[PDB]
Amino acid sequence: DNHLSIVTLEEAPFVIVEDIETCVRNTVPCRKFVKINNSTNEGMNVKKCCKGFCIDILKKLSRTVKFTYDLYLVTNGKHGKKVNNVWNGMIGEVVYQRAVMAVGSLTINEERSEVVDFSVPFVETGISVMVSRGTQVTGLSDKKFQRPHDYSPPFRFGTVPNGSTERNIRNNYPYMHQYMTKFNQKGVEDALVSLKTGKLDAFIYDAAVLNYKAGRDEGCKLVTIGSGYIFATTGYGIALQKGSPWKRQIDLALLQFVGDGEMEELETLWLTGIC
């Protein structure tokens, strides 16, 4: 009743997962359902530990709004995608009432707000483009992105599919999206290696994550275009069930956190970069 089921997903530096049998220091306990094999539905919850920027936000919210929680990591998808009118990922966990809320690098967009409630944004994000330093790309609407076959050889660029970034590209730039799919990257780290090794000219992804990776790139060779420009500005938000009685208190707490300068310490704790 006052003990809430909360789902999360690992994406450094906002949610970081570690092994353990008692979580220590700034980490909180988070469980992950791990299957026995692929011929059964059997599995077991592995006790792990979670930390990061969004975990510190959850620790603050738990202290301020006064609630306890059982945190667990999503295993059915990632952030959230509507497949055959059925939501998976963290959104799906909230939509189908397996979790009271979702905390992490979860992007607020319109189609998700139709099925879940979002708190006020607390981490500014959107769509950015990471390239090797010096690449001439004006933005998302650059002709190398819009009309990629007007160039020989064509520009090579991709994203990590099934997230809010691909969803936006699929609706806004049809030709760009269908050309992009052959450059889909399994994850951020694969995309970074694809960039540095010359297999990829540009990587389009969540703004806050690319901002963090740019500041920590070895030699500071990978940069975001426009000096950290963001298309379709939005933010990470706490997802809640529609009509959740927790939303108002979560919003007031988040606005009170930023209003009293408490965000700066979490920023210097998790988000700083040398570059």
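Note that residue numbering follows the sequence shown and begins at 1.
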Count of coordinate-less deposited residues separating residue 20 and residue 21, as none, 1 to 3, 4 to 9, or 10 or more?
-> 4 to 9
Which wins on mean Cα temperature factor, 199-207 or 150-158?
-> 150-158
Taking the deposited Cα B-factors and averaging over 190-198 and over 106-114, the higher mean is found in 190-198
If you compare 33, 236, 212, 229, which has the highest Cα B-factor in the entry?
-> 229
Whose C-alpha has the highest temperature factor in the PDB entry: 173, 179, 96, 122?
-> 96
So, residue 83's CA B-factor, relative to its chain, sits in which third? The middle
Would you mind checking where the Cα B-factor of residue 9 ranks among the modelled residues of its chain, as the lowest, middle or highest third?
-> lowest
Within this chain's modelled residues, let me know which third the CA B factor of residue 16 belongs to: lowest, middle or highest.
-> lowest
Using the B-factor values recorded in the entry, state whether the Cα atom of residue 225 falls in the lowest, middle or highest third among the modelled residues of its chain.
-> highest
In terms of its chain's C-alpha B-factors, the third that includes residue 132 is the middle
